[PDB]
Each structure stands twice: as structure tokens, then as C-alpha cells.
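> no FASTA, just this:
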């Protein structure tokens, strides 16, 4: 059940990346997962907004470089909406531990967006830890409850179809985005190291290479 | 500041539509908005899933038939992810009243997705009411706080561009969806009555007509 | 329906008193209530802990100097448990707006304890505002729902009896507390100004005077 | 670190006792604790309100029959306020898992009150489980963070003193309560079985015996 998980954070919450990466590495690493911290590591790092996060999630998930994305922003809204526009990226909100469990069972998506500022106060790091505990333990997509899994599974499958239909082909779509945005998205050493090491889709690798 | 607002709910939460429509009509109607209840009205109504909800939100928002969509499902996740894939549909989560305020100020989107089952217990209707109070009172897109509105406004604008770039043209995209899904989405009398009365985009009207 | 409301905060959250008093004065003042800020006003003010808060709530409520107490601490737990030990002080938690409404209708108590650190992040002041909006608007003790008010009202009445039975008489009890604690509790100018101006119970006034 | 834990629920939430006892037995039992279900087991059981719950918590905690109480009601407010009036009973609210952890570290009390109706919807049992996981794993009273434990520990100690001072002696206080209430509180077979088997304070046992 082990996955490659990419953590990616943007400028408004970058000061908190060390804390979140700490919890993710502790929890998900302890559970046997392979964790990559590909967004901002602090406020002085290669600058990103929640727009770049969505593009990064698409490139990493669609190229199969990673299996799951952890992201977020002050409220999680920008990052969640920025991820979900991309085909192949199915991102839920995650505000408290049972969100993560239900998301995995009902939606069986591949990204979650946390709120790192709103609702995040003294002792907020505990909730992040507990979210990771429930997100990355156990099996995924069994429905909840297990007996009612059929229509949930059916609709989750259809969601992927609709996303693929409404969207251009992945690379064509990326080419239509302002290329300044995409260049910025793939610009950091930590992003490139993850992507190039694990990309399973040559067309995406070649496209990314052409930007650098 | 008055808008046309469409409420749209799917089968799992359809029993609760009367309650939610009640609160929406009371709150938003009292504030001078024009409310349309275009999804399921009860469990026996024209059957919809959260997949159809997203298609309905796209058709109504992109045709300018309505200005804002209220939707949701058991956790809000399926409906939120189903809406956000569509160009022109910018849907936030909304779980408690300050979510609605912040969404309007920071993201300035045009749809919210509520959780009608998870976290919804005895006295849940109060929270729905209060959410509507904050969603539909006052101005939108001023940033929060007001002084920091610049980058938030800039990123919200870019989000729309990226959505438009990654997605096919609206009608082409709708044609690529399984047409059974789209026919179902536009199938009800309450949907058609809202759409045909208020659609401002002939190409969409003609496409919808061709399905009926 | 107008009341005298005392806001009282302790050292760990004292930096936030200006914000909370601001919202309370704005909301409750606008609704015609008389607001007193009797706890710490900032970190440098006459020093209090959540222990002193409970004693202050007892003296002000039992002397009828005020009708309602707003208090809290990092999580609200210490202040809530410190208030509830005292006869005549019925303090609920209040974390989000519908808590305040339900508390007023079901429990019909006279104090609420907020969390000013845990769960309090960027945009936390909005939730405080909204809590005050629901706490101090409308009528109290009607049950919720209104039709089921009978057993709720009966039990709320009994709670007061049990508190009065288990506790010593008010003044005797205050005399049994470490008198250093009580002297500290009544020590500030803002506390004394409220108490002495509005106390309706001479025995309590005389006892308080004897400490000063 | 093993404790004796009493679960006690009242009439409004009695239908949910099987679920809660299930989770408590699973979680706390698995962690080596000894669990007693001493309140209502279903809607037809020996009838209790949240008033009786507080009296039961006092008798069981003050007699040292148990180490910890799990209780609650629709919102948790009545049960929390009913417990906290009694000397020797230090009851926090518990609505989500990190509440339980912080309560144990900061307040180091001996009871928690959950909300079984408000905020409790589809998937609510997961949150109950997770709450028990955090309440009953690990050590208690270390402060949070650990480095800042001194004033938190000092104030928690003082809280006990103030409670003991304001309250009559335990048995005298129980005698002052309407004795119908106390007779009802100790009336069930499941309560008596726990109490008489584990009571370490003869005066309390003799008093309880005199009611039966």
C-alpha cells in the first residue's frame, strides 16, 4: 500500500513548511511511504503561488512521478480549486482527520488540500499529524460504509472520465497555460529532482525539459 | 449587489433539499436575491448524482443564467471536485459561516459546496442558515484583510485563465462528456425553466435544446 | 432583552483582549447591551489566571452586578471548568456561532468560554464576532426546537438546585478559597468599578471591601 | 498507565450508547484499560438525565471506583456543566481528537464530555473512535508544549483546591442534593456493580447503600 507522496506549499504558508514536512516525514515515512517536499521550503525559496501548485500536481501525478499530493494554503481553497481544474488531479479538502479517511474511501482521489492559517492556532501541528495518520494508513476506495461502496465507486470513476473529456490532452493543455507559469512551476531543484527521477511518461518529461 | 442563485442537490442528500431551500429562500430571498432550486427537490425527483451537478453548474454559470451556485453532497467533496473541473466554475468548500465570507473576499468564486451529512446533526440547519447569511450579505472580492487584496485578486484572476487554457471551449467540452450525463443534467423541468428563461449565450441554449 | 455583560480574559490570551473587546463592544453594544471589560486588557495589566476568572464570574454574577460573562483562554477549558465550580455560574463552551444559540436556548446559562488560541488562526476575529452576534441577539431559554423546551427547561432548573446544594453558601465558599486568590481576583480598577457600581447584594460588597 | 474508565450516557442520546461503548471497548480496551458502561445502555434502560450523570461521576471518581469518566449529551454542555459542579470532578469538552490530547496535557482532568447529536452526522462514529485513541494513549499532564508545563500544572493543582473549598464535603454535599436525584443516579445494576466492586471510600459506600 506504499506510495510516493509529494508535499507542495506556496508563499503565504511557506514559513510553516518545515513543520508540515516534519510531520509528513514522521508519519508517512514511518508508514513506509516515500516523501518528497517539492514546493517551497521557506519564505526565501523559489517563489510559488497556489496557481503553480496545481500545475505541479498535474505534472507529477499525470507523469506518474508520484501517487499522491499533499498541498494547501491559508484556507486551502485556492490550492484545492487550482488542483481540481487539471485532468488526472482529484483533490479533496482536508480539515480534520476523519476528512482524510472519508476522502480515501468515498472519493479515492490523489490529492488533499489543508488549511494552514485559517483554524490553525496554538496546537495546529497535532491536527496536521493526525490528518496524515488517517490519510496514509490502511486501504483506499472501499466506500463508506463498505457495504455502500458501489455507487460511490461508480461516480468516482465517472468523475475521471468527465475531467478527461472537458480538458484538453495533458500536454496540449499545459502548452495553453501562460508558459511563464509553467516554467515557474517546474523551476526548483527539489521539483526537478523528484520529477526527472520518477517520471514515467516521456512526452511530459520532454515538454518539461524544453522549458528549462 | 443582487444575484441569481441556483441551489442544486443530488440523490444522497435529496431528503434535505426542502430544508436547505427553505433556509436559502428565507435568507437570500430576504436579502433581495433571486433563488432557483434546480437540482433534486426530494428523493423521488428526477435523479441526479454529484457528476450531474457539476455539468449543471457549468451550463448555468457559463450561459450567465445564474451568478452563483449553492451545491453540496454528504461531505461536499464529490460536488466540489465535480464543479471545479469545468471552466468558468470556481467552487469553494463551505462548512461554517466564516468560510463563506473568506471565500467571497479571497477567492471571489461563484459556487460553494456544503456538507449535508458529515458534521450535520441535530441543529445543522442553523449552520446552513448562518452560512447563507455570510455568503450573500455585503461585497465580494475585497481581499482579506482589505489591505492585502492585491496578490489575492491577482491570483484569483489567473485561476480563471488557467482554467480556460486547460479546458476545451465550453460547448466542445460538453460535447466530449458522455452525452447521457449531459442529457440527464438538463432533464428536469426546474432546470430547464431557469436555464431557458435566463440563458444569455445562444450557442449553449442551442446545444441544450438539441439534447431535449 | 438587554443585559450587562462582563468580558474577562487571563494572562495567556491577554494580547488578544483589545480585539475581543472591540468585537464585543461593536456587536453587543450595537444591540443595546452594556459591556464591561473587567479582566486583563493586555499582557502588562493586573495579572490574572483562569482561576481568578471563575472567582470574578461568581462575584459579578452572584451579586447581580452583571447578567452574563464572556470569558475563555487558549482552549477555553480551564476557564470553563473554573467558572462552573461556582454556584450561580453556568458556563458553556462556545467555539462557533451555533454553539451560542443552542446554549442560550437549551441551557439558558449565564457565561460562555471561548478558545482564543486553539483553532484560532488567520481570520479568527470573524468567528468571535459571529459568536457574539448569535449569543446576544434574540430570546433565551425557549428550548431547541421550541416544541421540546419542557425537559430542557426542567433540567436547566434542576442544575441550579444541584449547584446550590453541593456548594457552600456563596460568601462562606469565597472565604474558604485561598484569600490571596480572591484578593487578586477583585484587585483591578476595572473590576472594582463594575462591581461596586452594580452590586445588588450587600453581603458580597462588604466581603469584597474587606479584601481591599 | 492503565485506568478504569466509566462511560455514562443519558436519555436523549441513549440510542447511541451501543455505538459509543463499542468504540470505547475497542479502543480503550485494546490499550489495556478497564471499561465500565454505567449509564444508559439504550432508550428503555433505567432512565437518566445529564443531572444524574454529574452525580454518578462524583460518586465514582470521589470513591476512587474509577479513574476517568467519558460522558456527554446532545451538545455535551449539560453533562459538562453537571459534572464540573462536583468537587473532585474535572470535566473538559471533547469535540475532535486534539481536544483530548490537549485536555490531558494542559488540564489533566478526569472526565470528558462529548457531543453525540450536534455536529454528529454520517460518519460521526469515526470521530468518537479517534477521540478515544488520543484520550487514552500516552502520558498525561506534561503541559503543552512540554517546556511550558509549569504554570499549567500549577493552575490545574489550584483548580482542585478551589473546587474543594467552594464545595461542601463530598458526602454532606450529596446529602444536600434532592435525594430522589441521588437515588436515581445510583439505581441501575450496571452502576452498582462497578461502584461496589471498586469503591475505596467506605463513607461513600455506606451512604450509597443507605439509598438502596
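That came through, no problem. Residues are numbered from 1 along each chain as shown, chains lettered A, B, ... in the order given.
> if you skip the residues just before and after it, what's nearest to the most centrally placed residue in chain A?
Nearest residue to the geometric centre of chain A (CA atoms, centre = their mean): residue A:69, 2.3 Å. Leaving aside its sequence neighbours, residue A:69 sits nearest to residue A:111 (CB to CB, 6 or more residues apart in numbering or on different chains; 3.9 Å). The C-beta positions use only the backbone N, C-alpha and C, and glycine is treated the same way.
> ok, now how distant is the one you found from chain C?
22 Å (CB to the nearest CB, to the nearest Å).
> so that residue makes contact with residue A:56?
No: using CB atoms under 8 Å, residue A:111 is not in contact with residue A:56; the gap is 10.6 Å.
> can you give me the angle whichever helix in chain A runs longest makes with helix B:149-166?
The longest helix of chain A (DSSP state H) is helix A:149-166. Relative orientation of helix A:149-166 and helix B:149-166, computed by axes from the mean of the first three to the mean of the last three CA atoms, to 10 degrees: 90 degrees.
> Just the buried positions in helix A:149-166, please.
A:149, A:152-153, A:155-156, A:158-159, A:162-166 (16 or more other CB atoms under 10 Å in any protein chain shown).
> Out of those, flag the one nearest to residue A:29.
Nearest to residue A:29 out of these is residue A:156 (CB to CB; 27.7 Å).
> Look up how far residue C:32 lies from the closest one.
52 Å (CB to CB, to the nearest Å).
> same thing with residue A:133?
From residue A:133 to residue C:32 the distance is 48 Å (CB to CB).
> where does the residue of chain A lying at maximal distance from its centre fall, phi/psi-wise?
The centre of chain A is farthest from one residue, residue A:147, which by CA atoms, centre = their mean lies 28.5 Å away. Per-residue torsions, residue A:147: phi -70, psi -30 (degrees, to the nearest 10).
> Skipping its backbone neighbours, what lies nearest residue A:3 in space?
residue A:67 (3.7 Å).
> Can you report how many residues lie near the one you found?
16 (other CB atoms under 10 Å in any protein chain shown).
> Let me see the contact set for it.
A:3-5, A:61, A:110 (CB atoms under 8 Å, 6 or more residues apart in numbering or on different chains).
> Please narrow those to those residing in helices.
Filtering the contacts of residue A:67 for helices - DSSP H - leaves residue A:61.
> From the contacts of residue A:67, pick the one nearest residue D:118.
residue A:110 (33.2 Å).
> For the closest one, the count of nearby residues, please.
Neighbour tally, residue A:110, other CB under 10 Å: 21.
> Correct me if wrong: it contacts residue A:68.
Yes: Residue A:110 is in contact with residue A:68 according to CB under 8 Å; the separation is 5.4 Å.
> just to revisit the earlier point, can you name the residues bridging to the residue nearest to the centre of chain A?
residue A:6, residue A:111 (DSSP bridges).
> For it, give me its contacts.
Residue A:69 neighbours (CB under 8 Å, 6+ apart): A:5-8, A:57, A:60-61, A:83, A:89, A:91, A:110-112.
> Is it possible to get TSV of those that adds distance to residue C:74?
Below are these laid out as TSV (distance: CB to CB, whole Å):
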residue	distance to residue C:74
A:5	32
A:6	34
A:7	28
A:8	31
A:57	35
A:60	38
A:61	39
A:83	33
A:89	37
A:91	32
A:110	36
A:111	32
A:112	27
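> Between those residues, which sits nearest chain B?
residue A:91 (6.9 Å; CB to the nearest CB).
> Can you tell me the SS state at residue A:92?
Of the three states, residue A:92 takes strand under DSSP: H, G, I helix; E, B strand; the rest coil.
> Next one: it from chain B, what distance?
In terms of CB to the nearest CB, residue A:92 sits 5 Å off from chain B.
> quick one: that residue and residue A:103 touch, right?
Yes: with contact defined as CB under 8 Å, residue A:92 counts as touching residue A:103 (4.1 Å).
> Phi, psi for the residue nearest to residue A:3 please.
phi -100, psi -20.
> Can you confirm whether stretch A:175-185 lies near chain B?
Yes: interface with chain B: stretch A:175-185 contributes A:176-178, A:181 (CB under 8 Å from any CB of the partner chain).
> Not counting sequence-adjacent ones, nearest residue to residue A:62?
residue A:88 (4.4 Å).
> what about that neighbour, how many residues close to it?
The number of residues near residue A:88, taken as other CB under 10 Å, comes to 17.
> Helix or strand for it, just tell me which one.
Under the assignment given by DSSP states H and E, residue A:88 is not contained in any helix or strand.
> and it, what does it touch?
A:58, A:61-62, A:160, A:163-164, A:170.
> Apply 7 Å and report the result again.
A:58, A:61-62, A:170 (CB atoms under 7 Å, 6 or more residues apart in numbering or on different chains).
> Residue A:17 now?
A:9, A:40-42.
> Let's see that with 6 Å instead.
A:9, A:40-41 (CB atoms under 6 Å, 6 or more residues apart in numbering or on different chains).
> now the residues you listed as a markdown table including neighbour count, secondary structure and distance to chain C?
Converted to a markdown table, these look like this (neighbours: other CB atoms under 10 Å in any protein chain shown; DSSP: H, G, I helix; E, B strand; the rest coil; distance: CB to the nearest CB, whole Å):
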| residue | neighbour count | secondary structure | distance to chain C |
| --- | --- | --- | --- |
| A:9 | 29 | coil | 15 |
| A:40 | 26 | coil | 18 |
| A:41 | 17 | coil | 21 |
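> Please go through the residues you listed and note which also touch chain D.
Checking these against chain D by CB under 6 Å from any CB of the partner chain, not one of them is in range.
> any idea which of those residues is closest to residue C:129?
Distances from residue C:129 to those, taken by CB to CB, are shortest for residue A:9, at 29.2 Å.
> Residue A:39 is in contact with the closest one, correct?
Yes: the pair formed by residue A:9 and residue A:39 meets the contact definition of CB atoms under 6 Å, at 4.4 Å.
> count of neighbours near residue A:211?
14.
> What separation do you get for the closest residue to it other than its chain neighbours and residue A:55?
Distances taken as CB to CB, 6+ apart put residue A:183 closest to residue A:211, at 4.9 Å, once the chain neighbours are dropped. The spacing between residue A:183 and residue A:55, counted by CB to CB, is 10 Å.
> Of these two, give the one with the bigger neighbour count.
Under the criterion of other CB under 10 Å, the comparison of residue A:183 against residue A:55 puts residue A:55 first, with 26 against 15.
> At the contact with chain B, which residues of chain A appear?
Going by CB under 6 Å from any CB, the residues of chain A near chain B are A:49, A:51, A:75, A:77, A:81, A:84-85, A:90, A:92-93, A:102, A:107, A:155, A:158, A:162-163, A:165-168, A:173, A:176-177.
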